[PDB]
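Letter by letter, the chains look like this.
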Amino acid sequence: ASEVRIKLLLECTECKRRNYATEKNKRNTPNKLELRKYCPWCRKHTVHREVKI
Amino acid sequence: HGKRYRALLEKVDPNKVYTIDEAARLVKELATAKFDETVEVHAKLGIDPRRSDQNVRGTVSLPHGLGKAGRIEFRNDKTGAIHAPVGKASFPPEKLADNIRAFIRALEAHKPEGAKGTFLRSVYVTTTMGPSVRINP
Amino acid sequence: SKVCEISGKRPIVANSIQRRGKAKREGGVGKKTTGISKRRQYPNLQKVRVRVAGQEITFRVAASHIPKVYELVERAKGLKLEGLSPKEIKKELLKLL
RNA sequence: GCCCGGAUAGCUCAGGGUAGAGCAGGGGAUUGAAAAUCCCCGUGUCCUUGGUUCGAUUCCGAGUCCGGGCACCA
RNA sequence: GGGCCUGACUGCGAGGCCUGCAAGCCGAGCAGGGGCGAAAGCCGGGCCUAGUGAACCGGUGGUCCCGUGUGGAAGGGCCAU
RNA sequence: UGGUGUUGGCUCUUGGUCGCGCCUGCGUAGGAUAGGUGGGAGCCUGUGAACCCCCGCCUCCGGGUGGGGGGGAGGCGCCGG
RNA sequence: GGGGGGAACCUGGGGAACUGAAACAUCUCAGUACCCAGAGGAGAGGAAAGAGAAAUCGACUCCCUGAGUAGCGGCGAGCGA
Ligand SMILES: [Mg+2]
Ligand SMILES: [Mg+2]
Ligand SMILES: [Mg+2]
Ligand SMILES: [Mg+2]
Ligand SMILES: [Mg+2]
Ligand SMILES: [Mg+2]
Ligand SMILES: [Mg+2]
Ligand SMILES: [Mg+2]
Ligand SMILES: [Mg+2]
Ligand SMILES: [Mg+2]
Ligand SMILES: [Mg+2]
Ligand SMILES: [Mg+2]
Ligand SMILES: [Mg+2]
Ligand SMILES: [Mg+2]
Ligand SMILES: [Mg+2]
Ligand SMILES: [Mg+2]
Ligand SMILES: [Mg+2]
Ligand SMILES: [Mg+2]
Ligand SMILES: [Mg+2]
Ligand SMILES: [Mg+2]
Ligand SMILES: [Mg+2]
Ligand SMILES: [Mg+2]
Ligand SMILES: [Mg+2]
Ligand SMILES: [Mg+2]
Ligand SMILES: [Mg+2]
Ligand SMILES: [Mg+2]
Ligand SMILES: [Mg+2]
Ligand SMILES: [Mg+2]
Ligand SMILES: [Mg+2]
Ligand SMILES: [Mg+2]
Ligand SMILES: [Mg+2]
Ligand SMILES: [Mg+2]
Ligand SMILES: [Mg+2]
Ligand SMILES: [Mg+2]
Ligand SMILES: [Mg+2]
Ligand SMILES: [Mg+2]
Ligand SMILES: [Mg+2]
Ligand SMILES: [Mg+2]
Ligand SMILES: [Mg+2]
Ligand SMILES: [Mg+2]
Ligand SMILES: [Mg+2]
Ligand SMILES: [Mg+2]
Ligand SMILES: [Zn+2]
């Protein structure tokens, strides 16, 4: 990590629980990440949105 | 102020709060102008003026009201105030309190979801050319 | 500074505790005691001069028990005090406490 | 971490109706020179986006970035 | 190089490599819900081997476990970071 | 060194905040010094209009306002560009 | 009536350090040692503005147990109802 390659959580967009933590480079990727991922809570895939760690 | 108004002033007293019913009984005592005055209900929403999202706007279909049927549109001004016609000075007292109360209800129904303060910071009943009385909403 | 003549208060011993850090209540890691040490805490002693049977009597009393002195003077009304020296008047006055 | 804040032309800068000021650059006057002085001219999404108003650098939401402040660091 | 994608999964994990401890490493297979593919199948990040830091204290999002007579609350636990 | 006790009297001047009263608001079109909406065809005058004398002033220089001395029936809107 | 004495014991007012933490500062040693005041054959404490969950017990002191429990703790060393 650095100040530019930063850490982040992914929050299930349906139930709002943070389920995955990952990293990205906020220069190379100024937009908030969107990714389909498996929410254990909803037991199904679900688009997750980057949320400030 | 004119003698005519100076007169009315006596039948008021600021301190006192009054009640929807008590105010309805005064209206008539306060409508001394040569025509069927109105009444009006001035509030004072305790929300942030310069904004949006928390903007109070809408309509209400008063059961009696106007007599000039219902559905009045009201919208908070740039300040924290909101005003609306509740009927004409005529209307039997037990007919206004029904609207005053029916209008104030709509206001609460259109309170935002993000508002700080007691919302109805203050409320008053009046007439076109008469003075005014605070009220316990 | 010593003792209250009325209330009996005398200096107590206290610790002066230096701390550091942010209290847990304020979302901090907690408070660290960077030093403890003994100090003294004195009664707020003060002089009170009252006239009683035309002699000047004077008390070392804690501020808090000041009006108590004026109370003692009041209750001294029904007292055969005249002619006495300051000392034995004061003696008499305290006997009422 | 939180609180206060600045972004307006090449540089530095004041400001619900608007867009300017200082010297830097250029043209001209003047000069033995170097200046100082004097006259004219430029050099703008007024940080970004979104929302008020008939409209806005001006009010508000949100961002991006430097500036300041306070505090904490297992 | 291109197309479609988010498996840079959740719950586990037979069996091992390494090893004083603690750690480090590799892992088939089963379930859930998926991606790509006609299919066989592959996918629990990256050809590999560096890119790291035990506890303690504490922040935040969850869960609704405990709640000092009782109901709450304060404060903690658990999961995630 | 701030607060506070021991610590009191009388004055003069200030700021904050709350309640009431009153006024202050000038792009540009324009009767001309338009706060914001809302009510609304009448309202002001014997509870003294129209200009006047002193003006508390406020000023964007045109005016805005205000208590009083004169004063003895018209001013101000809807209209409508 | 006091005063002064008394081996230890006792209660009240003050109150260390080495040491332990394999350094050290919070913490430990320890309210110990020691100083001082007082008491007496003992002293202290004592008839609930108590415990604390039992719809309960019933002053205080002392022993056993509860218990190295509950807890406290640079959650370290340790401390400890
Ligand atoms: Mg991860
Ligand atoms: Mg990445
Ligand atoms: Mg779960
Ligand atoms: Mg201190
Ligand atoms: Mg501590
Ligand atoms: Mg006191
Ligand atoms: Mg912040
Ligand atoms: Mg600049
Ligand atoms: Mg590809
Ligand atoms: Mg997944
Ligand atoms: Mg194994
Ligand atoms: Mg091993
Ligand atoms: Mg298929
Ligand atoms: Mg398959
Ligand atoms: Mg596999
Ligand atoms: Mg530690
Ligand atoms: Mg923790
Ligand atoms: Mg529970
Ligand atoms: Mg419960
Ligand atoms: Mg309790
Ligand atoms: Mg409870
Ligand atoms: Mg309850
Ligand atoms: Mg909780
Ligand atoms: Mg919790
Ligand atoms: Mg001091
Ligand atoms: Mg003082
Ligand atoms: Mg003796
Ligand atoms: Mg002796
Ligand atoms: Mg002692
Ligand atoms: Mg002792
Ligand atoms: Mg010493
Ligand atoms: Mg030591
Ligand atoms: Mg030492
Ligand atoms: Mg040591
Ligand atoms: Mg050692
Ligand atoms: Mg040493
Ligand atoms: Mg100790
Ligand atoms: Mg005996
Ligand atoms: Mg006793
Ligand atoms: Mg008793
Ligand atoms: Mg200890
Ligand atoms: Mg101890
Ligand atoms: Zn979910």
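Counting of residues begins from 1 for each chain and follows its sequence as written, which need not mirror the entry numbering; any residue without coordinates is not displayed. The naming scheme follows written order: chains are lettered A onward, ligands numbered 1 onward. Shown here is a subset of chains from a larger assembly, with all values computed for this subset only. The basis for the side-chain values is all heavy atoms of the structure; hydrogens and waters are excluded. Residues with missing side-chain atoms are left out of burial classes, side-chain pairs and their counts.

Listed as the method for this PDB entry is X-ray crystallography; the listed resolution is 2.80 Å.

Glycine aside, the phi torsion of most residues is negative, and most peptide linkages are trans. Not every positive phi belongs to a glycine, and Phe91 of chain B is a case in point at roughly 25°. By the secondary structure assignment, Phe91 of chain B is in the loop between β5 (83-84) and α3 (93-109). If you check the backbone angles, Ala53 of chain C has positive phi at about 55° while not being a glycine. For the purposes of this entry, the term helix denotes a DSSP run of H or I that reaches at least four residues, the term strand denotes a run of E that reaches at least two, and both are numbered from the N terminus. Its place among the elements puts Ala53 of chain C in the loop between β3 (45-52) and β4 (55-62). We classify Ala53 of chain C as partly exposed; its relative accessible area is 33%. Only protein chains enter the accessibility calculation, which uses a 1.4 Å probe; a residue whose area is less than 20% of its type maximum is buried, one above 50% is exposed, and one in between is partly exposed.

Residue and element names in this part refer to chain B. Residue position: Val39 is located in the loop between α2 (20-30) and β1 (41-42). The spatial distance from the C-alpha of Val39 to the C-alpha of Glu10 is 18 Å, given a sequence separation of 29 residues. The contact rule is simple, with two residues in contact once any of their heavy atoms fall within 4.5 Å. When sequence neighbours within four positions are dropped, the list of residues in contact with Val39 reads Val27, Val86, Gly87, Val125, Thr126, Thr127 and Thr128.

Side chains of a nonpolar character, in soluble globular proteins, are inclined to be buried together. Residues and elements named next belong to chain B. Core analysis: the biggest nonpolar cluster contains 37 residues, and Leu45, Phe74, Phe103, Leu107, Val125, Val133 and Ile135 have the highest contact counts within it. Within the residue set of this core, elements represented by two or more residues are α2, β4 (72-75), α3 and β6 (119-120). Considering each element in turn, this core owes the most residues, seven residues, to α3. Once you skip the residues sitting within four places of it in the chain, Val133 turns out to touch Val12, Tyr18, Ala23, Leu26, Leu30, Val123, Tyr124 and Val125. The nonpolar core is taken to be a set of buried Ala, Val, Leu, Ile, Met, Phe, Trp, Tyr and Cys residues, with the residues joined through side-chain atoms within 4.5 Å.

It is worth spelling out the packing of α2 of chain B against α3 of chain B at this point. Residue and element names in this part refer to chain B. Geometry is summarised by axes, namely lines fitted to C-alpha atoms with helices restricted to the contacting stretch, and by angles between N-to-C directions that run from 0 to 180 degrees. Contact geometry of α2 with α3 gives a least axis separation of 9 Å together with a crossing angle of 125°. By the angle between their axes, α2 is oblique relative to α3. Remark: the crossing between α2 and α3 carries right-handed chirality. Residues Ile20, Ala24, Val27 and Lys28 of α2 lie in contact with α3, whose contacting residues are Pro93, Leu96, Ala97, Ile100 and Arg101. We call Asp, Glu, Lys and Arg charged. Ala, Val, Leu, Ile, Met, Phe, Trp, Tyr, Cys and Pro are nonpolar, and the rest, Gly among them, are polar. Among the residues forming the contact of α2 with α3, the class breakdown is seven nonpolar, no polar and two charged. Any angle that is under 35 degrees is reported as roughly parallel, and any over 145 degrees as roughly antiparallel; angles of 65 to 115 degrees are reported as roughly perpendicular and all others as oblique. The crossing is said to be left-handed when, going from far helix to near helix, the turn is anticlockwise and less than a right angle, and right-handed when the turn is clockwise.

Moving on, we get to the protein's contact with RNA strand E. In the region of RNA strand E, 19 residues are neighbours, and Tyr20, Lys37 and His45 of chain A together with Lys24 and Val29 of chain C sit closest. Among the atoms of RNA strand E close to the protein, meaning within 4 Å, 86% are from sugar or phosphate groups. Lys37 of chain A has a polar side-chain atom sitting 2.9 Å from a phosphate oxygen of RNA strand E. With respect to RNA strand E, the side chain of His45 of chain A contributes an N or O atom lying 2.6 Å from a sugar or linking oxygen. Counting only elements with at least two residues in the surface near RNA strand E, the list comes to β2 (18-25), β3 (34-39) and β4 (44-52) of chain A. Nearness is judged by heavy atoms alone; a residue qualifies as near a molecule or strand once a single heavy atom is within 4 Å of it. Contacts described as polar in this section are N or O atom pairs within 3.5 Å, which, within protein, must combine one atom able to donate a hydrogen with one able to accept it, while residues neighboring in sequence count only if both atoms come from side chains.

All names here are of chain C. Burial in helix α1 (residues 66-75) covers these residues: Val69, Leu72 and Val73. Buried residues of α1, viewed axially, fall in a sector of 100°; they line one side. The secondary structure elements touched by the buried residues of α1 are β3, β4 and α2 (86-94). Starting at the helix axis, one direction is taken to each C-beta atom, and the arc is that of these directions.

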